[PDB]
Amino acid sequence: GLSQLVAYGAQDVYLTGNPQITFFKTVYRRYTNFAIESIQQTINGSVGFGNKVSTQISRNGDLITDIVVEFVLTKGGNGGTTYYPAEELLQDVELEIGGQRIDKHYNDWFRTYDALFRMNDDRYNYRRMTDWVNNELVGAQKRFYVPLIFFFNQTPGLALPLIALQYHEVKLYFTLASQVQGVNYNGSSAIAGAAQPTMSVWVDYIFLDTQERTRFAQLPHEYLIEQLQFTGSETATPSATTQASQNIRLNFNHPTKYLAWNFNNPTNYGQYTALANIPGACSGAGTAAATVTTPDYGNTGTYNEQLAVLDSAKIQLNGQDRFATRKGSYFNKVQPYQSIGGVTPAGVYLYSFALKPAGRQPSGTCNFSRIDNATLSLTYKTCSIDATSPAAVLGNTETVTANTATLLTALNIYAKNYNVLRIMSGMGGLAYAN
Amino acid sequence: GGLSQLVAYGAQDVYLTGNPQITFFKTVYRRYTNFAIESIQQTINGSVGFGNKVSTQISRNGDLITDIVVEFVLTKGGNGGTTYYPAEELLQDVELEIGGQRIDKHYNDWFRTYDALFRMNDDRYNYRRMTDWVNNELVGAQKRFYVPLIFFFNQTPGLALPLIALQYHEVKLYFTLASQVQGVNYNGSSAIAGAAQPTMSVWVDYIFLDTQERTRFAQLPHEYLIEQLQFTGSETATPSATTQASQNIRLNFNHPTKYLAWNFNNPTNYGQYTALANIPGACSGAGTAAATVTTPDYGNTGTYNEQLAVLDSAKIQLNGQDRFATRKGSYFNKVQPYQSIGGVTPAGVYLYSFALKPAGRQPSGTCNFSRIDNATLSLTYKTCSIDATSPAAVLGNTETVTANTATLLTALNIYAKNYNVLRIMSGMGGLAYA
Amino acid sequence: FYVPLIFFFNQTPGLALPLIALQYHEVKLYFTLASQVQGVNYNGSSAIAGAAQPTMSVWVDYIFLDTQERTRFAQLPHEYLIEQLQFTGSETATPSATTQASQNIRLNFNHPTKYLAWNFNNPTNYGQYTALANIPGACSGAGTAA
Amino acid sequence: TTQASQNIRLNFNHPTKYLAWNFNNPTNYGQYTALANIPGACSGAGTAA
Amino acid sequence: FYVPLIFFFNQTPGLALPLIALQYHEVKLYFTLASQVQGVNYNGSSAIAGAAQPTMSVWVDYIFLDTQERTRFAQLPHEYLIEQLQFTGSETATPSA
Amino acid sequence: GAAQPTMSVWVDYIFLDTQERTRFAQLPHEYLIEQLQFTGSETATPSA
Amino acid sequence: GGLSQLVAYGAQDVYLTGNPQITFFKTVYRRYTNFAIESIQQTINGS
Amino acid sequence: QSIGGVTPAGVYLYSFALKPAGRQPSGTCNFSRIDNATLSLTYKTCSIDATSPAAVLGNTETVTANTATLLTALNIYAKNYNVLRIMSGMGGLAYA
Amino acid sequence: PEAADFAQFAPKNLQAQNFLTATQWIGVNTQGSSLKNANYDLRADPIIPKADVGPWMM
Amino acid sequence: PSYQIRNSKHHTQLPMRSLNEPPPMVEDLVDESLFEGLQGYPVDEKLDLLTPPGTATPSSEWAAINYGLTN
Amino acid sequence: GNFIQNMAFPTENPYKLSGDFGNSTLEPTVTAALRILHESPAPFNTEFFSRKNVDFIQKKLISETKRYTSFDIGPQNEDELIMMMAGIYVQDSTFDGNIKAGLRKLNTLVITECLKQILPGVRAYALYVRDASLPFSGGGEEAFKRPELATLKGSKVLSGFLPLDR
Amino acid sequence: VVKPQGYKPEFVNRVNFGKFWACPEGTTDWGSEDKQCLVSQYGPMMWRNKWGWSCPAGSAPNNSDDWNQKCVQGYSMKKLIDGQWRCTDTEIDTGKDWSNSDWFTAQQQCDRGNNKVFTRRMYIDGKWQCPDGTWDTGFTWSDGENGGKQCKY
């Protein structure tokens, strides 16, 4: 207390001065001259369920951004039988530049991503573009639009300069699911007469005027981009008599923005929670016909955490706790509150290393290329609740879930990290491998 | 803990945190010109009533103006479900005149189309609360409605209109009140005996500048990059039971256009952009014995069910050349706004942007129709073969067909939003381009 | 349950409190727990026999800085433009069947206020800012005989 | 029905040693407290009258 | 209830504790609460069923010094003549009739 | 009927004289310390 | 408590703590050479 | 803490030293400077029936055998440091 | 040896501080005796000529 | 008034480069009219918060919001 | 250039009974010492606790501190010096009648014991001021140092692609 | 070891008020060139004078060491105006005339609260002129946002 302090009797009178800026008169920035065109790509290979197809993006414009994969499907059953089927159909999509994999997304990632990062009417509109949401009936035909979510598919700021890649081609490889719920299969039962999908891939191209087009064509460029890292693993399945726990190695690299994960029943796409005889939680739920072994497919997702299987979790780095152990509901509700601002469905979890993981601008990362032992430690809920008795579910406790929750045996762990896509002398690839 | 993440530092961190440019742990602020905002009522010249044309003149009480809200007091001429955004329907149009020059003009249908495309989530709901009855109000109920105007200066402080610099020019607004408003003074074609006439008032939010800003406005010349709406109505090449009608509509537009927007509608029923059907919400009494497919469930006039939309596909031609590949109506209805706005657009409403982000004020790519001698919108309609009175016929239909009642959507409304320059000098203002 | 706090520093990193710069000063939070919580330990005025007492935990998300910035914060003076909430409770000039009550309320506020906000309520029922009615969602049992 | 709140601007000046205040019934000099039927708290307090 | 403490520094400003001059030392109070308080949770030896537990709070009145007084306290050594209480309990000889 | 444990934590403190106390309070220190690293593993299960 | 033991200092303590040479509250580990130890099987000749 | 062995029941140690089992003083309490040192002892209640294992072995922390009443002697020991000085062919302790 | 002469230290005028703490010499005896200072006789108690000789007198 | 009073800068929904990528200006680091992610004070060498021209420190903003501006 | 910063420090403590010993005629400081010793007035005592001897010791403490350290110190409070002198005096006071020899030894012990407290005293104060005045210690990143990861995994981060040579 | 610091006074810069420079309103017109304005409540008895340290022109001595803080910001002196030893109309005469005070409080007479750089003109010579002890700044009551009248210290 022998330090110097200031009385500040009129510190603020002293610190004032003239205005710097006025709110009521905007200056708009003059931008470059460009145009946007939607161009169809040629897809090689037969499109159909279970098939692998691909497309090369044609050099029609200078830069590319948005990519939408169109699919045409017909319902194989009535309303309540499908769940985001166009999302399910695109089993995966791989982005290759110069022959090097830059990224790769999975149907489950699209479901996880959406569940975690989209929101409000955007999420609804998304659902409109991937599912039947107006109680459509068997045979109903719709064109679905599945937007891709690669770094260049989200912002013009990361438009991929095909013009700057004169020696390297850019391709998308797409795996179509062998089965799509409510379209060609009802659970495990094939739907006789189901149609094969029609597919079309659209790329929205940016046409640049001469000065900017030339700079892209001739100069080296470094684009800060986001990559998905992913692998599936067995879940330490919980049971009626026990709280299972599991030490999961996190085989990730690069400065990671966040980790995200879900547990699921691989039988039913998007099922991240247990089934129960409560409205929407199972096929026929709330009635005598309810079966807690089959979801109400049209209502597969839920916010009822009582049906989720994670009791608590922590992430360790180099074997040491990165943060204090928190409950599954923390990862499900709070992380998203703080970091995204949307609402995340039960069974979907997030842990961010970033202030704002939902944005493009770096805001703190965890560099797993500098971490020797990254481990996710999970504790599961006890599967003791009789799912066929609503009272058992709705009146339960924090540490328990449905007996049907033991069917959520698959675990998917995803991570998003920042790498650099470098382009020069007509060629390109990633700045870092690992 | 957190330290274990900081220590994991290496080569891949350089592009994120090497030579830091900003810190996220410190907010930087800007000294803004002092100002105040006061709400002042303007008067209305002319008799307020249905079918009447009335107008105001904005006095120079403050220096700059932004938001304008028109208040209406309406009664319900029937029970809940009989009205649809009635204050929006009532304000048939508003014309903006400066110095006698027509600067812009909005239409009730535009307000509906604008909302359908650009408002969202709770902004949209709160908006609905200010223009309709959304709490199941009954006949005789009376409410004050607030219909904000959407002229360029009514959307952002940045374009506050400089009444201050307009020494010799008055700013006037002409408001046309619809001769009929559904569920207020008419029920379909029938008048409602005893219906009350509206009470109306126009409110303007004025900005009061300090001495220094005030001086600059008075002495400096100004120019503003502003928006205008271009609009014409056309007959729809009405489709039928046995055919897919098609139509080439000349786009009689000029100026740098941010985007086009359009819808098809039934002139009888405000906001009806889709076909009627015996499925819940799609017609008066839909889903039951009393259902009719000649009249909408007015309270549920809008829908996200495309099966009831009329348009099959569309393209825009510039001087006879395709501007982009033909895309399905569902592409304009769902994808365009996904990409460009981030909200959800109801069936029957379509958008095509020339801009990266048409929802913003900052120009981001435009189609200058002042340099396109002959632009055309080419539309293909669906076959009107589905029997609207048979829920299954509608819900189980195909991509290329719609309801037989879709032939009631005989009007086509095409809008274009563009950028012009409002110049102010010598106490007078007006547009730079015809 | 997780109740986020909404103090200025709980909303943005830009206003994070520099604990490293507060060598001699502590930062505290005092929390008052309600005597009653509706549907938890009381049903209206009736205590609920057997209701559990709450379990509470306070979590603070801390920012760890690198050496150059930790040092900077520790050594330099820092000024943060912050938000504060001013609040007073008032008695409502309760309206009635035959009259439109009116009220002149003194606004005993200071400082450059960003905005005013207010509500009327029935203090009996947390969050009730409107009148009760027999219309769906407006009262207990609304829409039926009960 | 309520715990009344109040904020009273104090129109004071000069280097003040202390503040002092009381609440009172202006009808009855020196009454700074409520009346009650307990001995001394009201006229006739403690009895029927 | 307000139980004032009666330590020397709690009786006069002249013996205020210069927390400012104690940069490396803390000042702490420790309070032992009685297991029983007559007429509150016990009546003689009998517990009072339903008795409430106390709410407690410790309030300290701090002195804020201006620049010169503050500075001197921080840099000069300080000596106070203070009081202490010594105490021991014991059995009494028991008198009788 | 099992009882809950009663717990108490005791710490043995060293009171230094003035010369040494000062140095500890005022000067920097370096202590070579031991740490325990630990991880749990599943044991491959042996059998008959 | 412990402070009273520090205070209770007499002539007798000069041989224990006067002019301190050492302290018990600091250890010094002595830096040593680099080496490693390995267990290796030898060959047994004979039978 | 101070020795590293095991002490039989009934024997109690309080160290004023870090390693009292050794030769280096490693901390001492000088009782020649302590006007009035006191050892304050509290005994267990001797209510356990010493002849009944159930009572002897199943009892509580604060009780002991009735036969503990016979432990009527207390022996208090202390180990301290003095100096044996030798000079001019004679010697003895420096402090009496 | 500890604290390397800090000639750049500005407060070298430590005159306003009293560093002597006579807390260890309160209540001592001749060498190490323990009699609570033994102030029994109400007299002056003259100085005894304790000469530092060996174990014997002469 | 002798003051370089700039135009307004509002939160735009699109990122924009200032076409001056080789010299990284400091006035564009706090300009919310271009960036959209987060806002932070520009750090100079040795992590020193360098305030660019036009903007103001939090104490100066407090003085301008309470006592007032100048002419 | 440090003159002002040094000058700025007060040399006069608002001490209880500042100017504590001497400066009074009610009774001598020697007598106070004799009373705590419970010894008769005698040449050994009246020389050792005399004002000239107390002064000798005070001057030596000041001079020797200045010689041994870079610091300038004041005379020490004399209740503290008298108590220390008497304490030392009680535990020694060994002479065969040779007052001078006895005094030499006793002054040696007082000066020596006082310096044992003062020299560390000065150190403590100076280090105190450092901390009282400057934030944390006035140091930099040396104090605010995060652990070094110090592991080799990062050595294996590889480039994703190779540019063409130019 | 790190060297301890003293008062370390905080001084701002003088500002352009239009055709003249003067110290900002929460500050005083202290010294010159290197130290033009005081911000803190105390400052470095600036040596430049006439030469002389009082203290100087606008601050008065306090009873302390560390020259950096020996003058207190916001004072002046009796400053004879016309025929009477009055403080400026916007100044507050403490009452410490000189004769009834000791040296330190005798100098601290006018308490220039809210008027540290500018004051108002006085009806002293019958003409509403700049006070006898200050510089005649060109501003008037009609001039907006400049409430100060002919005055500078």
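Residues numbered from 1 in each chain as written, not as in the entry; some residues may be left out. Chains lettered and ligands numbered in written order. Part of a larger assembly, values for the part shown. Heavy atoms only, no water. Residues with missing side-chain atoms left out of burial classes, pairs and counts.

In its metadata, the entry names cryo-EM as the structure determination method and reports 3.5 Å as the resolution.

In the annotation of the PDB entry, chain K is listed under the name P8 and assigned to Paramecium bursaria Chlorella virus 1. According to the PDB record, the title of this entry is "Near-atomic structure of icosahedrally averaged PBCV-1 capsid". Per UniProt, chain K carries the Subunit text "Interacts with the major capsid protein." (UniProt positions renumbered as here; feature names shortened; annotations may be inferred.)

The name given to chain C in the PDB entry is Major capsid protein, with the source organism recorded as Paramecium bursaria Chlorella virus 1.

(A) Seen up close, the overall build of chain K. Counting secondary structure elements, chain K contains six helices and one strand. Against the compact-globule benchmark of 15 Å for 166 residues, chain K has a radius of gyration of 28 Å, which places it well outside the compact range. For the C-alpha atoms alone, the extent of chain K along its principal axes is close to 105 × 40 × 25 Å. Considering only contacts within chain K whose residues lie at least 6 apart along the sequence, 64% involve residues at least 24 apart. (Helix = DSSP H or I, 4+ residues; strand = E, 2+ residues; numbered from the N terminus. Rg over C-alpha atoms; globule rule 2.2 N^0.38 Å. Contact = heavy atoms within 4.5 Å.)

(B) Representation of the interface of chain C and chain B. Each partner contributes residues to the interface: chain C has 12 residues there, and chain B has nine residues. Its largest share of buried area at the contact with chain B, chain C owes to C:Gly14, C:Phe64 and C:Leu81, together 38% of the area lost on that side. At the junction of chain C with chain B, the criterion picks out zero salt bridges. Among the residues forming the side of chain C that touches chain B, the class breakdown is eight nonpolar, one polar and three charged. (Buried area = accessible area lost by both parts, 1.4 Å probe. Salt bridge = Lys/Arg side-chain N within 4 Å of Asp/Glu carboxyl O. Nonpolar A, V, L, I, M, F, W, Y, C, P; charged D, E, K, R; others polar.)

(C) Region of interest: the interface of chain B and chain A. At the junction of the two partners, chain B supplies 71 residues and chain A supplies 68 residues. The contact between chain B and chain A buries some 6200 Å² in all, and 55% of this surface belongs to carbon and sulfur atoms. If you look at where chain B meets chain A, you find two salt bridges. The shortest N-O distance in the salt bridge between A:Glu70 and B:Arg327 comes to 2.8 Å. Here chain B and chain A share 39 residue pairs in polar contact between them. It is helix α7 (residues 329-340) of chain B that contributes the most residues to the side of chain B that touches chain A, seven residues altogether. (Polar contact = N/O pair within 3.5 Å; in protein donor to acceptor, adjacent residues only side chain to side chain.)

(D) Structural view of helix α1 (residues 18-26) of chain F. Listing the buried residues of α1(F) in full gives F:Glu20, F:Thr22 and F:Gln26. Down the axis of α1(F), the buried set is contained in an arc of 155°. They therefore lie on one face. Where the residues of α1(F) are buried, they touch α6 (99-133) of chain K. (Buried < 20%, exposed > 50% of the residue type's maximum accessible area, 1.4 Å probe, protein only. Arc of directions from axis to C-beta.)

(E) Quick peek at the side chain of C:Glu69. Within the secondary structure layout, C:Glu69 lies in helix α1 (residues 67-75). Relative accessible area serves as the criterion here: at 16%, C:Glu69 is assigned to the buried category. Residue contacts for C:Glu69: discarding those within four places in its chain leaves B:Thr23 and B:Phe25.

(F) Local environment of the arrangement of the chains. Sorting the 29 pairs of chains in contact by contact count puts chains A and B at the top. For the non-touching pair chain D and chain E, the nearest C-alpha separation works out to 16 Å. Separated throughout, chain G and chain L approach each other most closely at a C-alpha pair spaced 22 Å apart.

(G) Local environment of the nonpolar core. Counting residues in each nonpolar core, the largest one holds 126 residues, and the members touching the most others are A:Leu148, A:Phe151, A:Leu160, B:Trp262, B:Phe264 and B:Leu379. It is strand β5 (residues 63-74) of chain A that provides the largest number of residues to this core, a total of seven residues. By size, the runner-up hydrophobic cluster in this structure holds 74 residues, among which are B:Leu90, B:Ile103, B:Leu229 and B:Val349. (Core = buried A, V, L, I, M, F, W, Y, C linked by side-chain atoms within 4.5 Å.)

(H) Up close: the sheet that holds strand β6 (residues 59-61) of chain L. Residue and element names in this part refer to chain L. Pairing in this open sheet of three strands is antiparallel, and the strands run β5-β7-β6 from one edge to the other. The open sheet is flanked by β5 (42-43) and β6, the only strands paired with a single partner. In the sheet, β6 pairs with strand β7 (residues 71-73) via three bridges, with the strands oriented antiparallel. Residue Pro61 lies in a different strand from β7, and its bridge partner there is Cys71. (Pairing = 2+ DSSP bridges.)

(I) Spotlight on the pattern of salt bridges. Residues and elements named next belong to chain A. The full count for this structure, using the stated rule, is 34 salt bridges over all chains. The partner of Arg422 in a salt bridge is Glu222, and the shortest N-O contact between them spans 3.0 Å. Placement of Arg422 in strand β24 (residues 410-424) and of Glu222 in strand β13 (residues 221-234) is noted, with a sequence separation of 200 residues between them. Here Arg422 falls in the partly exposed class, since its relative accessible area comes to 24%. Residues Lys416 and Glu226 are paired through a salt bridge, measuring 3.7 Å at the closest nitrogen-oxygen approach. With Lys416 in strand β24 and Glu226 in strand β13, this pair connects stretches of sequence that are 190 residues apart.

(J) Expanded view of the sheet that holds strand β7 (residues 101-107) of chain B. All names here are of chain B. What the four strands build is an open sheet, ordered β4-β10-β6-β7; its pairing is antiparallel. Two strands bound the open sheet, and with one partner strand each, they are β4 (53-58) and β7. On average, each strand axis in the sheet is tilted by 20° relative to the strand beside it, whichever way the strands run. Examined bridge by bridge, β4 and strand β10 (residues 171-177) share six bridges and lie antiparallel to one another. Residue pairing for β10: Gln57 is matched across the bridge by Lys172. Contacts from helix α4 (residues 108-118) reach β6 (91-98) and β7, with the element oriented near 65° to β7. (Axes fitted to C-alpha atoms, helices over the stretch in contact; angles between N-to-C directions.)

(K) Layout of the packing of aromatic side chains. In the structure shown here, the tally under the stated rule is 81 aromatic pairs over all chains. Measuring from centroid to centroid gives 5.2 Å for H:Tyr14 and H:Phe16, while their planes differ by 80°, and the two rings are edge-to-face. Sitting over the ring of L:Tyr153, L:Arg112 keeps its end group 4.1 Å from the ring centre. (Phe/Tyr/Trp six-rings, centres within 6.5 Å; stacked < 30°, edge-to-face > 60°. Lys NZ or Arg CZ within 6 Å of the ring centre and 35° of its normal.)

(L) Structural detail: the state of the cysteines. Residues and elements named next belong to chain L. Per the stated rule, a full pass over the model turns up three disulfides over all chains. A disulfide bridge connects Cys55 with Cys71, and the sulfur atoms are separated by 2.1 Å. Taking the torsion about the S-S bond as the criterion, the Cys55 to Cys71 disulfide, at about -80°, is left-handed. Taken as a pair, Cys55 in the loop between β5 and β6 and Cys71 in strand β7 lie far apart in primary sequence, 16 residues in all. Comparing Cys55 with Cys71 shows no difference in burial state: the two are buried. The disulfide that involves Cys87 links it to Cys110, with 2.1 Å between the sulfurs. Looking down the S-S bond of the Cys87 and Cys110 bridge, the torsion is -80°, so its handedness is left-handed. Of the two residues, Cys87 sits in the loop between β7 and α1 (103-107) while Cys110 sits in the segment after α1, which places them 23 residues apart along the sequence. Given the relative accessible area of 16%, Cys87 is considered buried. (Disulfide = S-S within 2.5 Å.)

(M) Structural context of the pairing of strand β22 (residues 375-381) of chain B. Residues and elements named next belong to chain B. Burial runs high along β22: six of the seven residues are buried. Looking at chain direction, strand β15 (residues 246-250) and β22 are connected through five bridges and run antiparallel. Looking across to β22, one finds that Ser246 is bridged to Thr380. In this structure, strand β17 (residues 311-318) lies alongside β22, joined through seven bridges in antiparallel fashion. Each bridged residue has a counterpart across the sheet, and for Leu318 the counterpart in β22 is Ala375.

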